[PDB]
Amino acid sequence: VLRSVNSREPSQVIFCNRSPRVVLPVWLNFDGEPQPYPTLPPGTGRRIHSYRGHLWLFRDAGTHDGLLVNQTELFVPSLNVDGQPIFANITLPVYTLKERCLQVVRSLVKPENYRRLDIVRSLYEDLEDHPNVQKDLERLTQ
Amino acid sequence: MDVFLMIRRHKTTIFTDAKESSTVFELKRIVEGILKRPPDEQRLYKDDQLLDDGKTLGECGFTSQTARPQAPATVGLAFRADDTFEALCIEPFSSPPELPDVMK
Amino acid sequence: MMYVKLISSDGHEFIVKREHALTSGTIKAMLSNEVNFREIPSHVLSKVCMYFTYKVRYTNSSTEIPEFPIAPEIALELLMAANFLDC
Ligand SMILES: Cc1ncsc1-c1ccc([C@H](C)NC(=O)[C@@H]2C[C@@H](O)CN2C(=O)[C@@H](NC(=O)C2(F)CC2)C(C)(C)C)cc1
């Protein structure tokens, strides 16, 4: 349902990582399957070749935490005006305090030791519910 | 340019923001509206150093680089009991528990 | 400027802007100008107040968003407080 269109119309874009995370670009192919692409170190940029109508989303390459591109979830390359390529500003979102805490706790304790932590069982289930691209893709389809 | 501060005295902490170009006295007027004490009865500090009323917050080392929203700079406050001022006292926050073995 | 007072479990009194504390739905319920937190110590409540400022400043902003720092020693308690306050 949520897939890239096979337009065959090239579109040059710059993937610019304005975040302290290693960014994993994710392209949704013509069947809606997510295809990973080479990662972006923090503060670095990449001038890449894409096509109009293609679907992109970006995430932390290590923990799959969601990220924002141009202050939204999905980036679609548009028409290049005067040969100027499109800018894809990849930034950190304002996480909830709950999710931000989960990120820090996930990065410190092994998933097998989630039960060994002294927390409410509801928080234990929230810790194991890792941010997954497949989970957000179903949610992104409203 | 906005600076983000923690005005602290005893067990009181005021979270607020101000301009880098604003003065120490104008910050005392902010404390006045919150703690109901006039500026002539307050003394503001950066670490142990007394702050002059006419100097700007930026001149006293309060910049956007050092006074961020996620890590605000601390401004010490001392009140005047009748005739003489008190000494600058700031109650430290509670100590967190030791790191669990599962976290270490 | 309207302010509210949030008191930690160890008596520390934190004074924040009213709109800053109203972003937490739980706190909004206990207000309707002082709220006592019998379970949240000061080293956790101070970080919560820092998130209020961090959120109000950096929502709907094209400026580069910085990472909200959370020390590992307070991560577990802050998570429980964030869960309770729903923010
Ligand atoms: C180093 C680095 N760091 C972060 S990204 C990065 C990097 C690396 C290589 C590329 C290549 C050159 N470009 C693409 O993969 C584009 C982007 C996306 O739109 C899909 N795509 C395609 O070419 C598709 N083909 C077609 O569309 C047609 F030709 C119309 C039929 C497929 C089927 C995948 C071949 C881009 C970025």
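Residues numbered from 1 in each chain as written, not as in the entry; some residues may be left out. Chains lettered and ligands numbered in written order. Heavy atoms only, no water. Residues with missing side-chain atoms left out of burial classes, pairs and counts.

- As summarised from the PDB record, the model derives from X-ray crystallography at a stated resolution of 2.28 Å.

1. Here we look at the sheet that holds strand β3 (residues 34-36) of chain A
Residue and element names in this part refer to chain A.
Phase 1: Taken in spatial order, the three strands line up as β3-β2-β5 in an open sheet, and their pairing is antiparallel. Looking along the sheet, the strands with just one partner apiece sit at the ends: β3 and β5 (55-60). Recorded for the sheet is a direction-independent mean angle of 35° between the axes of neighbouring strands.
Phase 2: The pairing of strand β2 (residues 23-28) with β3 spans three bridges and is antiparallel. (Pairing = 2+ DSSP bridges. Helix = DSSP H or I, 4+ residues; strand = E, 2+ residues; numbered from the N terminus. Axes fitted to C-alpha atoms, helices over the stretch in contact; angles between N-to-C directions.)

2. Thoughts on the packing of aromatic side chains
Phase 1: Considering all chains together, one arrives at 12 aromatic pairs over all chains under this definition.
Phase 2: Between the aromatic rings of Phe93 of chain B and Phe14 of chain C, the centroid separation amounts to 5.4 Å while the plane-to-plane angle is 40°, which identifies the pairing as tilted. In this pair, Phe93 of chain B sits in the segment after β6 (84-85) while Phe14 of chain C sits in strand β2 (residues 13-17), so the two residues belong to two different chains.
Phase 3: Given the relative accessible area of 21%, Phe93 of chain B is considered partly exposed.
Phase 4: Where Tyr54 of chain C meets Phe68 of chain C, the ring centres are 5.3 Å apart and the plane angle is 50°; that geometry is what we call tilted. Taken together, the residues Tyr54 of chain C in helix α3 (residues 42-58) and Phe68 of chain C in the loop between α3 and α4 (75-85) connect sequence positions 14 residues apart.
Phase 5: Given the relative accessible area of 2%, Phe68 of chain C is considered buried.
Phase 6: Among the aromatic side chains, those forming a connected cluster through ring pairs are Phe15, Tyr37, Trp56, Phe58 and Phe75 of chain A.
Phase 7: The ring of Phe79 of chain B carries the charged tip of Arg37 of chain B above its face, separated from the ring centre by 4.6 Å.
Phase 8: Here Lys47 of chain C stacks its cationic end above the ring of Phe68 of chain C, 4.5 Å away from the centre of that ring. (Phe/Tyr/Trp six-rings, centres within 6.5 Å; stacked < 30°, edge-to-face > 60°. Buried < 20%, exposed > 50% of the residue type's maximum accessible area, 1.4 Å probe, protein only. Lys NZ or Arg CZ within 6 Å of the ring centre and 35° of its normal.)

3. Things to note about the UniProt feature "domain: Ubiquitin-like" in chain B
Phase 1: Feature annotation in UniProt places "domain: Ubiquitin-like" on residues 1-66 of chain B, given in this structure's numbering.
Phase 2: With 18% helix and 35% strand, residues 1-66 of chain B has its two end C-alpha atoms placed 12 Å apart. (UniProt positions renumbered as here; feature names shortened; annotations may be inferred.)

4. Side note on the site of the ligand
All names here are of chain A.
Phase 1: The immediate surroundings of the ligand are formed by 14 residues, with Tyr37, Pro38, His49, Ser50 and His54 found nearest.
Phase 2: In this structure, a nitrogen atom belonging to the ligand sits 3.1 Å away from a main-chain N or O atom of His49.
Phase 3: Side-chain polar atom of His54 to an oxygen atom of the ligand: 2.2 Å apart, as the coordinates give it.
Phase 4: Protein contacts shield 65% of the accessible area of the ligand, which totals 820 Å² for the unbound molecule.
Phase 5: Put simply, the parts of the chain that give the shell around the ligand at least two residues each are β2 and β4 (45-51).
Phase 6: Among the elements that make up the shell around the ligand, the one with the highest residue count is β4 (four residues).
Phase 7: Residue composition of the shell around the ligand, grouped by class: nine nonpolar, four polar and one charged. (Near = heavy atom within 4 Å. Polar contact = N/O pair within 3.5 Å; in protein donor to acceptor, adjacent residues only side chain to side chain. Areas by Shrake-Rupley, 256 points an atom, 1.4 Å probe, with all protein chains shown as cover. Nonpolar A, V, L, I, M, F, W, Y, C, P; charged D, E, K, R; others polar.)

5. Description of the sheet that holds β4 of chain A
Residues and elements named next belong to chain A.
Phase 1: Strand order in the open sheet formed by four strands is β4-β1-β7-β6, with mixed pairing between adjacent strands. Edge strands, defined here as strands with exactly one partner in the open sheet, are β4 and β6 (68-69).
Phase 2: Two elements, β6 and strand β7 (residues 86-91), share two bridges in a ladder whose sense is antiparallel. Looking at the pairing, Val69 lines up with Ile90 of β7.

6. A word on the domain arrangement of chain A
Phase 1: When the domains of chain A are assigned, the result is domain 1 (10-93) and domain 2 (97-128).
Phase 2: Distance from the C-alpha centre of domain 1 of chain A to the C-alpha centre of domain 2 of chain A: 29 Å. (Domains from an automatic or database assignment.)

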